[PDB]
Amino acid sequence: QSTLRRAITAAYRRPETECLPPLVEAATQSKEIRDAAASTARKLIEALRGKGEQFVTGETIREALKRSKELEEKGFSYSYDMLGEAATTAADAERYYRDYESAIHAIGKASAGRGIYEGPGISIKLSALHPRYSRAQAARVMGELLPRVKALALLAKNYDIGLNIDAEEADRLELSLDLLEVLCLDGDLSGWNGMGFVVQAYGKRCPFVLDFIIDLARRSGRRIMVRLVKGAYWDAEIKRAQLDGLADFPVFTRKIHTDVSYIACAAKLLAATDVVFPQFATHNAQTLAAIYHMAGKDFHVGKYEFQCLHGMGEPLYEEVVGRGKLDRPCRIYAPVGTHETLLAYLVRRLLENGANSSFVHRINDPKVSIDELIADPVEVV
């Protein structure tokens, strides 16, 4: 318990109208940056509007590694996702653990010393590693989970690759955050900056989680890799919240509020690149353009990166990566597994790609003008 931790817990269900004013202020950019970002966004969208096997990079990590070489020389990197989540039995959790373990050895050998920014990494889900992750007591879940995650982190340290903890349901944020803190203070993992953590901008706690993580990085000496996403579980969080009879939800209910929150949280991360490695995971060209200009003219590999999903982000990020474009790197989140393990991920991709509010749907909607696509969320909210 700390002042920074208390700020997180107090924001859990803070009323939506009270969360927004500080995010709007932090998300407000100068006219000069807004004009530049509108110009860049227009160019990206005009290029775009000239453009489940699609979502899986390979059935095995050996296959996925072989298929990554082409895009790696173009300037992309990878984070591999061994598909599987919500273990319901001990045997399932054990299988998922072994898949992560064998993936780290293969990825680490493939990395061949390229390090955590130039070379590939791995993403894991805590719900794959504990048989009753959502339905068991937090103190117990962390107690059996910690040895398994630390063991994987130690393997990632051995090869100097990134290891990212994906973000799942809102009611498991606090548990996963406690695990991150223990790992960052663990002396056995010293000198390795590959530990990564996802934060979801549709959550009311997002800016306070970031404050805690930025301070944790600074006092632990770990340059925590922070993947900023908007959030993949919105419809499930709304349904759970309505069932709980709550007046105030843990997530925003208007898409524009999530967009403002993302920009505000990006500004927070870009002000802290000394101690964290921001990873801006988005397929929205307006979001990308805003962050590109917010980051300033100074750039080096390891300052920050963008990220996208395999099979979704390549049309946009082909206009970003490389010296003929914006010369900024992008890490591709690469699912690996069978069609069976793919289903839950696929469903989330459908809720993303099929929603009228999604950038990837609007970009192909003849009713949606380019002027609307480059609107600054602060000016519209």
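We number the residues from 1 along the sequence you see.
**Q** Deposited residues absent from the coordinates between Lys51 and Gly52, none, 1 to 3, 4 to 9, or 10 or more?
**A** In the deposited sequence, 10 or more residues between these two have no coordinates.
**Q** Using only C-alpha atoms and the B-factors in the entry, which stretch averages higher, 77-85 or 248-256?
**A** Per the PDB entry, the higher value belongs to 248-256.
**Q** Where do the C-alpha atoms have the higher mean temperature factor in this entry, in 172-180 or in 304-312?
**A** Comparing 172-180 with 304-312, the higher average CA B-factor belongs to 172-180.
**Q** Which of these has the highest Cα B-factor in the record: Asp274, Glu72, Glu144, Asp160?
**A** Max CA B-factor in the entry, restricted to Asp274, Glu72, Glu144, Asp160: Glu144.
**Q** Per the entry's Cα B factor values, which of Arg331, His339, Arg42, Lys325 stands out as the maximum?
**A** The record points to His339.
**Q** Which third, lowest, middle or highest, does the CA B-factor of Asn284 fall in along this chain?
**A** CA B-factor rank for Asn284: lowest third.
**Q** Grab the CA temperature factor for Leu351 from the record and place it in the lowest, middle or highest third of its chain.
**A** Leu351: CA B-factor falls in the highest third of its chain.
**Q** According to the PDB entry, is the CA B factor of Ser190 in the bottom, middle or top third of its chain, that is, lowest, middle or highest?
**A** Middle third, going by the recorded CA B-factors of the chain.
**Q** Is the Cα B-factor recorded for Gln242 in the lowest, middle or highest third of its chain?
**A** Its C-alpha B-factor belongs to the highest third of this chain's values.
**Q** Place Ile291 in the lowest, middle or highest third of its chain's C-alpha B-factors, as listed in the PDB entry.
**A** For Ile291, the deposited C-alpha B-factor lands in the lowest third.
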